[PDB]
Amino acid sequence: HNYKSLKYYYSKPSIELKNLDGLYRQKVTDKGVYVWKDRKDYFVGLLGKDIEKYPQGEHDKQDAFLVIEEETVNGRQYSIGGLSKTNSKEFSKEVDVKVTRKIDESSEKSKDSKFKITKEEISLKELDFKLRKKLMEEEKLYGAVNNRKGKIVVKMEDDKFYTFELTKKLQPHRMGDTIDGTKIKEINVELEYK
């Protein structure tokens, strides 16, 4: 799958729900949870290791980063992953974003920018979505069919990293993975298009 799907998913708005009123794993055989805040409810798929994070019952102090999928599930609007523990305190860390952009087959230009991390525990879904939007706005990502190549690498304070490939949508089973936002050190982006 390529340009058409990418431009389509990444052009959707997201819904950021902090301090959910509910996050309920009705039964162990459900591959998702019911989430709600105020008067809007959703079914959220747990398609990765996140299924182990929310066993049968109610779960308090959670946030949800939703991007409404095309399919209805259990008669509700559906989103995949994007669940995380809510902040125990206000948090905001600015990290460097190094962008390396193709000029031609021989050279590349380096530009620097910043990105703010406002959650203590953040899902890969949310990082991936926000960083690609940032690139759609500032670097013409998905502005043309040729503008789809490269990657985003989130580097942590230790040797760990996480990569988002610009040629494909983040995979469902990775959307529920979370990382410690307080330990994100820098973000490096390689854009392989003029």
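Residue numbers run from 1 along the displayed sequence.
**Student:** If you average the CA temperature factors over each stretch, which comes out higher, 57-65 or 126-134?
**Tutor:** The entry gives the higher C-alpha B-factor average to 57-65.
**Student:** Mean Cα B factor from the PDB record: higher for 113-121, or higher for 96-104?
**Tutor:** The recorded data point to 96-104.
**Student:** When the CA B-factors of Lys151, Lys31, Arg39, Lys155 are compared as recorded in the entry, which is the largest?
**Tutor:** Highest CA B-factor of the listed options: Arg39.
**Student:** Once the chain's modelled residues are ordered by C-alpha B factor and cut into thirds, is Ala144 in the lowest, middle or highest one?
**Tutor:** Highest third.
**Student:** Lowest, middle or highest third: which one holds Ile179 when the chain's residues are ordered by CA B-factor from the entry?
**Tutor:** Ranked within chain, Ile179 CA B lands in the lowest tercile.
**Student:** Could you tell me which third, lowest, middle or highest, the C-alpha B-factor of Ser88 occupies within its chain?
**Tutor:** Highest third - that is where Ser88 ends up once the chain's C-alpha B-factors are sorted.
**Student:** Would you check the entry's CA temperature factor for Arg25 and let me know if it's in the chain's lowest, middle or highest third?
**Tutor:** Its C-alpha B-factor belongs to the middle third of this chain's values.
**Student:** Hey, what third does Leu191 fall into on Cα B-factor, ranked over its chain?
**Tutor:** Tercile = middle for this residue's CA B-factor.
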